[PDB]
Amino acid sequence: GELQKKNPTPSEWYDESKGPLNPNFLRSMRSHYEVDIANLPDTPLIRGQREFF
Amino acid sequence: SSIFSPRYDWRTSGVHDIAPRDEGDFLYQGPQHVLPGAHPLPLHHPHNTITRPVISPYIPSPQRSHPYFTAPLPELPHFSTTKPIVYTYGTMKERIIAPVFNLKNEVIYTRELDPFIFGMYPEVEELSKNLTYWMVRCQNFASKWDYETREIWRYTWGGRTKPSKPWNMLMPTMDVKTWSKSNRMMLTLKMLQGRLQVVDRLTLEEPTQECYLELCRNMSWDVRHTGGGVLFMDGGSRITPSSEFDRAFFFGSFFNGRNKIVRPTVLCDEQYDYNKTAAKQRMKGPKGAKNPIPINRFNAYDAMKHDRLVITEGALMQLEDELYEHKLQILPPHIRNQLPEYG
Amino acid sequence: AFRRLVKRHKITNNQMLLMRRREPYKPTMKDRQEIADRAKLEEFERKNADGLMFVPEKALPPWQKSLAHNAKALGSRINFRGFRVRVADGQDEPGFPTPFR
Amino acid sequence: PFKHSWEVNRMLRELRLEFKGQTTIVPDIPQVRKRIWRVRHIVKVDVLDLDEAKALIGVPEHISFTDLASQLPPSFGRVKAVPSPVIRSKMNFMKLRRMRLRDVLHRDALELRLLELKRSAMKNXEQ
Amino acid sequence: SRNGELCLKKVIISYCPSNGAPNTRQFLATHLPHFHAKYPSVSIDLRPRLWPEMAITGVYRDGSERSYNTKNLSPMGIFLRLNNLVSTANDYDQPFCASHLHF
Amino acid sequence: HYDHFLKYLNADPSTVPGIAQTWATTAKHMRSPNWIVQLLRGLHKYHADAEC
Amino acid sequence: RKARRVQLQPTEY
Amino acid sequence: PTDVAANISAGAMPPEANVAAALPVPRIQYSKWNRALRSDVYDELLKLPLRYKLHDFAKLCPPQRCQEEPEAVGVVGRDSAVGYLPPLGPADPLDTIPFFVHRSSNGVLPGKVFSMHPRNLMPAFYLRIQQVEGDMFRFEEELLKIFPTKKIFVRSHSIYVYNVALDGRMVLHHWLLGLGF
Amino acid sequence: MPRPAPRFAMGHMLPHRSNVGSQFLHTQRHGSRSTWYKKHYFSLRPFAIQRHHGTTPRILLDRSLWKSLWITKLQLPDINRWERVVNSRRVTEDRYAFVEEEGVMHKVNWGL
Amino acid sequence: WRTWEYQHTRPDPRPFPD
Amino acid sequence: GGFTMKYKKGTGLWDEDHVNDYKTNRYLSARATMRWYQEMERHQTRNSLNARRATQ
Amino acid sequence: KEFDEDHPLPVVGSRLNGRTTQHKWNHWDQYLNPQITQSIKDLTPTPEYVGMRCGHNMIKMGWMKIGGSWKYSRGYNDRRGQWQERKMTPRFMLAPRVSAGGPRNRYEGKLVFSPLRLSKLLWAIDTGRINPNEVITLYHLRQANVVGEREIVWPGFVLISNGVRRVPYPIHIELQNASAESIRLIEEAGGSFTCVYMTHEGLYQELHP
Amino acid sequence: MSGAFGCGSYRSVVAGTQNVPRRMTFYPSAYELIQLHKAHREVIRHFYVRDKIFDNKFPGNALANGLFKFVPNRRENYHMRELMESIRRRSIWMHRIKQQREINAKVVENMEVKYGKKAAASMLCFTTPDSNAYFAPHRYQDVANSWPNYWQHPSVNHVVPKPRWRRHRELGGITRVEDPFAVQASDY
Amino acid sequence: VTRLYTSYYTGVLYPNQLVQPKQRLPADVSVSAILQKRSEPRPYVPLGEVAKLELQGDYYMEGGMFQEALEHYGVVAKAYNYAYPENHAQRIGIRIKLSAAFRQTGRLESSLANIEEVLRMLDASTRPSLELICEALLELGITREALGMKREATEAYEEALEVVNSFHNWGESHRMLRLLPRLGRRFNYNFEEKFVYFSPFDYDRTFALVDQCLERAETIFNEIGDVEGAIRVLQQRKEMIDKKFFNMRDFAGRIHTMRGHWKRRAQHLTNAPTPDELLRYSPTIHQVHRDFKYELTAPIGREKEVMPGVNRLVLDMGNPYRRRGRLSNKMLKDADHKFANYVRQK
RNA sequence: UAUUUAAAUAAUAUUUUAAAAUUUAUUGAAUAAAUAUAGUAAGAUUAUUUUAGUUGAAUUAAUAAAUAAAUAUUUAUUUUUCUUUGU
Ligand SMILES: [Mg+2]
């Protein structure tokens, strides 16, 4: 409860600079956040080049 | 026939029907056409993500050393390794943290692994040693019996001079060192391919089979024969680890599909041979180790045949406790003289 | 005719059919035997050109080193010069003055 | 030549002749004269003086042959008659090893120069 | 190729998308675009099936059929056999002799 | 002694004492004169011990 | 049916 | 490379050097339990051209000082008869060595000399190193620069150098110690 | 690895007894052949009649063989029905035969 | 005679009776 | 009979440890696994109860 | 090499290039990218292993194929010298016996010790396997695993001082029949050696107290 | 006969060897601690094996659940033969390690009274660069390359050919690569 | 028997003789677009004889006599200009050689004009050769350096660096030549076939081109005083060399002599997957397209996406025990219903 | 007596058909056992398209003499020279 009320947004692990994320793991982690994660753009979205949501 | 043989290409017509099918056959459009199964690398198993789903934080990529995390997530509780982490001659030399799952297909927290157990980079020689030993041990040695000339009573009926015999067949002896090395390398190969999943408990609400099937359906565990199999390592949980299996899950895991539960250990007993010089004549069984490895152990053959590898935190703790003294003894002296200093 | 299954070599030139011996420039059996004998004799003479050098107890063949050592280990306990043990086995006498001698 | 004895075959091998119908070019040294005198019944020899050779090949007269021999590379096919095919094989292997060592030494010298430049730049940035 | 017209019309290639034998799939992935860009006139008929016949078939402009066996054969060899197919006309078969030098 | 003196002259400052010791040992093995072997041992000590 | 069955052979010294 | 026997025969050396012409100079032999470093071969290695800088022999050799200390303690570098010392590390800190060489449990170096077909008691020997980690090919190229004429193969686990004896294993150990492993 | 396990005894190869081999080589029994469908040297391999050799088959199709000989009534319950394995299940479709119509291979009911 | 080669089973009598 | 490491037999953590098992197979179905566990437990119980009955 | 872009070389292949089977994943590829190891057929043993023996090792003839010329064959009869024994000269009867027991006859009481190098002991102590504070004994050696159990045999050991010229610290060790040089080196260092010659039962009690 | 505790045995006692004032050297006893851990694990395992209880999950073998998996005679023999000896070995290891800890404390006090606090702290430290390597490789990536996969080390990470990848949806969420292939050589 | 080669001996067929296609730039990218991005911050001609003349001319240029090389290049360039159409490969290449000859003779303005003409022809070229464009821009850089524009020279040099880092494949030149050491079946003699090596400075000339390019860039940086640029160039050059060596890497197979098994060369030499293409098209990043309409297996959700059939009746799972007795059938009774409950839809 | 360098502790097997009558018993020359063993007579011994050496030598029963030669498997010495050379 503490960590969920502290962190509403995904941390630096939600990055595509090295490899593609796994949709199964994203669907599993969906419940821990408020914003949808499984919605993935066709472009390898990076933390620095574009702001996430 | 053989490639460099005249009998290789004397079937010069008729192998194909000139008229194509009207349901499945199609024409090649061009370079922008995506052919089903086409891949530049030779992939005898062309399984992809959708067909064989991998469960990991990231898809295994050449940029990432391992598909799992590299630093603890600030929004998830991090659990350090039960025993302290040491990097040996074969360890990946990088921190590995796995996102432990729950029975409701939800990530609970993140637990750090052991590079000595899940960081020993795999090697084909050791994997092949393990596979060959397993495939030569699992064969039935009691069915290798054959007749002989002194056993045939009145050529065609007369048996051979040196026939195959259950006692004459060989059962090899494998040392615990190479066994543990191959098992660790196989675990690391599964981790690198990204098909390792860590669960807190493996417990069914009822010991029946329909509850097991409902659990597998709820957590998207493919158990069918045709689909990718599952290899369980049940050890209890993190707080209450148990060497034996949970009774309910052990009763419910008896399904016709491809799911196998194995003991939570990577070592083995030292195989002995009391009939090395053929002293006891009336002994029945193959020569060599009279104490082979049982079936419910972790092995390269079953690990390759079963797609997903689901290890429990109790199994993790037991493996770490069993490999602690080994990874401490392997260390060179100028390193091991500092273990009591660092604690 | 000691080997009764002759080797069949790959035929790169048609004259390899007409030729019988594999290495024509190589001398025949007895000739190369006596040639090697003469060469070994010349090498042995070059080796024995200088006098037969005498070796200490450590630089001896194993069947004589330990015997020569145990024949004098009794006197080696008392450090005094002028102590010789005339042992049977050892380097024979050359019979002529030697610079190493 | 293989029809004759092993000694005449040895002499022809020294003269660099193996089969019937092969032609070679040799100097007029006393050794070659002796070899040709020994095998004079199996080979036919023609004589060409130095000026006749300079006319037969399109080389000017103000250029000698010592300079041409010093200019032609020594890496020619089968440069030296080694005393054993094992020696031949290890000579070729050492040649390949020298090529590989040339490449890796070029790379390592590049690395050394880059490291020295980095060290000098870091020292200058400190001072 | 006679008077500017290719003799080979169709190239039948059967393969499997999931079973195994990655040689034909390697060929379809690596050398098939090159071959199709070189000879766009010939029609490549791809046939996906469960148990594929490890053979390539060439159907020419006169009904003739020429098949090559490509079981566990490298994609380079597959491409070579395909080029041999598109190179030959498959209209006759005469030996190489002094009497057969001139047709 | 010529070979050992060339090695001593072409040695590395951190290697001079070891080569001097090797020279002294080879002299004693060769049965060089006692003054020669004592001079070589003294030179080895000179190159080894800083205070000496 | 049934005849003299062969047993395991003892090894040498 | 002086032929003492030939010099004595020709009259260039005193006749008392026959023991030198017959038996080699007595030196403590390098062993897996007694690291008897050889200054001559170490100087030869220092003179040979290599990309990586080697430590000085003064630092490679264990310290030899006064032994008046009443009680001994656990210093990393202390007086040892067999010459055992922890790895000193790289010579220049501003560098990156592409490979890493782990020691064994007893602190011995990976160099192990085997024999080809040892059932026939064959004198032909070869060396196997199966503790190198990192970029094995850089280590292989350094071994090429060390032994130019030898055949050096590499695999995922072991690097083989053919036709080298303990006389080459000691050179390999010297180079490893000079590098700092 | 002390005397690594033999690769020839891996249970994958079972050739005819030859003059070469090892003491631990499991050759075929006397009076029996290696390949089951090799009745003669020219015996063609059966089309779809598979014999599950070695371990127990995960999915035993009713037309396959396992410790049994080919009995028509036991291996073919209905000749017009073709059994396949789809989604780890025995699916029994109608049997079709290929016929050449309009230059393409159309599927017609095999029994009819 | 090599009696150690056999195991301890009584062979059937020849000729076998009806 | 002969010599057999009875001190080793029964020492392993589980029942399947320290038993000469050379009649298994590389693939075991659900019934095969159940029968394997049944046979191991039955072998252990048979040994124990037969020894107890004999000594009593 | 093509001279122009308009006229490229044909694609007709030779036998060497055409007759090439598919590529199998080797150890280098499986170690480089472990994503390819998907089946048990990928776990190939050491490339040093060629395979099963496919030919006959015929003596004086080399290695022959199966079904070849069995005419000039003697290895079969060999598996089923007279020119040296022609003069009736047995080697086992030429030379006489030095003694009824023979040279190096290991009789009960010969006291054949197992070598233990003082250099090895010093290496172990500097390594840390053995603690120099406690008195050194065969039990401590066996437990520190400085010597395997295979080398142990009555009588226990001999302390050989090979390649050692100076011991820097005093060592208190208990062994059997230590060499004079080892004893004097330990005495010079300041340690105290005590030759403990044990019987068989005493040695067994020392090894398993 | 007490050769296990580290002191001289009865043979040395009879010989009269003066080895009591021998020396006081610091010792980490890491190997002894490893062996003590092994012995403790073995003692616990021996107790668990001795305390085995029949737990049969099948009805055929259900008439044993209350009994021990051992015959009481063999259980007594096991207790007297192996379980009771493992404890003696554990006690031997503990006694040796405690003696060495006492000597270590004495050496620490002596160093503190002779040199000083920080001097003794530095003299009784075994830290080495390779120790930092073995314990934390992130503080060693710059010093040397010790990874089994050297091509992924950050020093040599430039060699890995990072491709231009894209997830197509028309294929069912499939990641493919955008750059074209290379034309491979075909013939001579 | 040792060969003397005194007679004519034809060469042997070896896999290193495989013709390799020249690297082509993609169709979408253009050299003029790249240059603008960088600026932001046939009739019958005796071609055999003209090729003889061009070879003699380049021999002259290599020997040092530059004016004769220039006139040879001019003759053969007139020939090629008359023969080939607008913007052709040999045309632009021979005019590159002509500009190089002009610069080596001293006519630097004409050299720069010719090289700018090469640039404007590469503009219109559809798929220019990677090696040709690299050598052309290296020529322009060296001409600028000779004129005195060292900034523009090192700019062109880093342009070559960028082009060859972006649109070049490094592992193609050693595709078929890396597994050649596995052809070694003899160890005592002829064992150089186990140590065969092919220097990368010969089989892909673009690599040597950029090597000399970055070498000249390093010299210019050392002359100017841009230590940062020198360090950058040396780092990039070392990285390129390491990439090439890694793509050339391979493990050693069998070492000792291996008698027989002559049919192993089929496995030895083949379409060997180079490490570059391995790490590029790894099966987890280059996910294959596997459509289920042609298969009989699919995930739990996509059951109806298998190949369709006529009157598909799901009987049961192929439990091989169903052929046994009534007891076994009672054992497997519930299995079908439990499996249906498992694979029920959402 | 011990002042000299290493090491992958693993054993089990080894053609086939035959070249001979003595054995151990039983029923009035036959019957049933013996892969028993013949310095061992003779034959048969399953797998193309291959990739490197010799084509008639050696031959000393027996005290301190450099060395037997062929055939075959592995394996090692890149030093000079006008060319050549399987040690
Ligand atoms: Mg020979």
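Residues numbered from 1 in each chain as written, not as in the entry; some residues may be left out. Chains lettered and ligands numbered in written order. Part of a larger assembly, values for the part shown. Heavy atoms only, no water. Residues with missing side-chain atoms left out of burial classes, pairs and counts.

Method information in the entry identifies cryo-EM as the source of the structure, with 3.9 Å recorded as the resolution.

Caption draft 1: Examining the overall build of chain D more closely. Summing up its helical and strand segments, chain D has five helices and zero strands in all. Its helices and strands taken in sequence order, chain D reads α-α-α-α-α from the N to the C terminus. Over its C-alpha trace chain D gives a radius of gyration of 25 Å, far above what one expects of a compact globule, namely 14 Å for 127 residues. Along the longest, intermediate and shortest principal axes, the C-alpha atoms of chain D span 85 × 45 × 25 Å. Summarising the internal contacts of chain D: among those between residues at least 6 apart in sequence, 26% fall at separations of at least 24. (Helix = DSSP H or I, 4+ residues; strand = E, 2+ residues; numbered from the N terminus. Rg over C-alpha atoms; globule rule 2.2 N^0.38 Å. Contact = heavy atoms within 4.5 Å.)

Caption draft 2: Region of interest: the protein's contact with RNA strand O. As a structural note, the neighbourhood of RNA strand O is formed by 126 residues, with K26 and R32 of chain C, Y6 of chain J, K87 of chain L together with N190 of chain N the closest of them. Within 4 Å of the protein, the contacting atoms of RNA strand O are 62% sugar and phosphate, with bases supplying the remainder. Here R16 of chain D contributes a side-chain N or O atom positioned 3.1 Å from a sugar or linking oxygen of RNA strand O. A distance of 3.2 Å separates a phosphate oxygen of RNA strand O from a polar atom in the side chain of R86 of chain L. (Near = heavy atom within 4 Å. Polar contact = N/O pair within 3.5 Å; in protein donor to acceptor, adjacent residues only side chain to side chain.)

Caption draft 3: Structural context of the interface of chain E and chain B. The partner chain B presents 33 residues to the 38 residues of chain E that form the contact. Roughly 2900 Å² is buried in total at the junction of chain E and chain B, and carbon and sulfur atoms are behind 54% of that figure. For the pair chain E and chain B, the number of links is three salt bridges. Here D9 of chain B and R81 of chain E are joined by a salt bridge, their closest N and O atoms 3.8 Å apart. Seen at the junction of chain E and chain B, the total is twelve residue pairs in polar contact. For the side of chain E that touches chain B, the secondary-structure elements that each account for two or more residues are strand 1 (8–15), helix 1 (22–30), helix 2 (32–38), strand 2 (43–48), strand 3 (55–60) and strand 4 (65–69) of chain E. Counted by class, the side of chain E that touches chain B contains 15 nonpolar, 13 polar and ten charged residues. As judged from the two bridges shared by strand 1 (residues 26–27) of chain B and strand 2 of chain E, these two strands associate in the antiparallel manner. Following the sheet pairing, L27 of chain B is matched in strand 2 of chain E by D45 of chain E. (Buried area = accessible area lost by both parts, 1.4 Å probe. Salt bridge = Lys/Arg side-chain N within 4 Å of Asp/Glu carboxyl O. Nonpolar A, V, L, I, M, F, W, Y, C, P; charged D, E, K, R; others polar. Pairing = 2+ DSSP bridges.)

Caption draft 4: Expanded view of the interface of chain L and chain N. Of the residues lining the interface, 29 residues belong to chain L; the matching set on chain N comes to 43 residues. Roughly 3000 Å² of surface becomes buried between chain L and chain N when both sides are summed, with 61% attributable to carbon and sulfur atoms. The largest contributions to the chain L side of the interface with chain N come from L16, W28 and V50 of chain L, which together make up 22% of the buried area. Taken together, chain L and chain N are joined by three salt bridges. Between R42 of chain N and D4 of chain L there is a salt bridge, with the nearest N and O atoms lying 3.7 Å from each other.

Caption draft 5: Local environment of the nonpolar core. Core analysis: the largest hydrophobic core is formed by 217 residues, its most contacted members being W13 of chain A together with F99, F139 and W175 of chain H. Among the elements that line this core, the one with the most residues is helix 10 (residues 227–248) of chain N, at nine residues. In terms of nonpolar packing, the next biggest core, distinct from the first, is built from 34 residues, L122, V146, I152 and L203 of chain L among them. (Core = buried A, V, L, I, M, F, W, Y, C linked by side-chain atoms within 4.5 Å. Buried < 20%, exposed > 50% of the residue type's maximum accessible area, 1.4 Å probe, protein only.)

Caption draft 6: Highlighting the sheet that holds strand 4 of chain E. Read across the sheet, five strands follow the order 1(B)-2(E)-1(E)-3(E)-4(E) without closing on themselves; strand pairing throughout is mixed. Two strands close off the open sheet at either side, each with one partner strand: strand 1 of chain B together with strand 4 of chain E. Pairing of strand 1 of chain E with strand 3 of chain E, which is carried by five bridges, proceeds in the antiparallel orientation. Residue pairing for strand 3 of chain E: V11 of chain E is matched across the bridge by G58 of chain E. Set on the sheet, helix 1 of chain E makes contact with strand 1 and strand 2 of chain E; between it and strand 1 of chain E the angle comes to about 130°. (Axes fitted to C-alpha atoms, helices over the stretch in contact; angles between N-to-C directions.)

Caption draft 7: Main features of the sheet that holds strand 6 (residues 159–162) of chain H. All names here are of chain H. Spatial strand order, 2-3-6-5: four strands in an open sheet with antiparallel pairing. Each having just a single partner strand, strand 2 (112–115) and strand 5 (151–154) make up the two edges of the open sheet. This sheet shows a mean twist of 25° between the axes of neighbouring strands, independent of strand direction. As judged from the four bridges shared by strand 2 and strand 3 (residues 125–129), these two strands associate in the antiparallel manner. Counted as the bridge partner of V113 is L127 from strand 3. Each of strand 3, strand 5 and strand 6 touches helix 5 (residues 136–146); the most contacted strand, strand 5, lies at about 175° to it.

Caption draft 8: Quick peek at a nonpolar patch on the surface. On the surface, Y2, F5, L6 and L9 of chain F cluster together to form a nonpolar patch covering roughly 420 Å² of accessible area. The topology assignment puts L9 of chain F in helix 1 (residues 2–10). (Patch = residues over 30% accessible without salt bridge, like charges linked within 9 Å, V, L, I, M, F, W, Y side chains within 5 Å. Areas by Shrake-Rupley, 256 points an atom, 1.4 Å probe, with all protein chains shown as cover.)

Caption draft 9: Main features of the packing of aromatic side chains. On inspection of all chains with the given rule, the structure shows 78 aromatic pairs over all chains. Between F25 of chain A and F69 of chain B, the ring centres sit 5.8 Å apart and the planes meet at 65°, which makes this aromatic pair edge-to-face. Pair noted here: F25 of chain A is in helix 2 (residues 23–29) and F69 of chain B is in the loop between strand 1 and strand 2 (78–79), and the two residues belong to different chains. Judged by relative accessible area, which is 0%, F25 of chain A ranks as buried. By relative accessible area, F69 of chain B is classed as buried at 2%. (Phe/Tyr/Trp six-rings, centres within 6.5 Å; stacked < 30°, edge-to-face > 60°.)

Caption draft 10: Representation of helix 2 (residues 16–30) of chain F within the structure. Residue and element names in this part refer to chain F. Here helix 2 is 15 residues long and its end C-alpha atoms lie 21 Å apart, about the 21 Å a rise of 1.5 Å per residue gives. All of the buried residues along helix 2 are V16, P17, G18, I19, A20, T22, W23, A24, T26, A27, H29 and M30. Just beyond helix 2, the residue with positive phi is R31, at close to 65°. (Expected span 1.5 Å × (residues − 1).)

Caption draft 11: Spatial organisation of the arrangement of the chains. For the 35 pairs of chains in contact, the maximum contact count is reached by chains B and E. Spatially, chain F is disjoint from chain L: no contact exists, and the shortest C-alpha separation is 14 Å. No part of chain K reaches chain L; the closest C-alpha pair between them is 13 Å apart.

Caption draft 12: Quick peek at helix 3 (residues 75–87) of chain E. Here helix 3 of chain E spans 18 Å end to end across 13 residues, near enough to the 18 Å set by a 1.5 Å rise per residue. Taken together, the buried positions of helix 3 of chain E are occupied by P75, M76, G77, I78, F79, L80, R81, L82, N83, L85 and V86 of chain E. In this structure, the buried side of helix 3 of chain E is in contact with strand 1, helix 1, helix 2, strand 3 and strand 4 of chain E together with helix 1 (15–18) of chain L.

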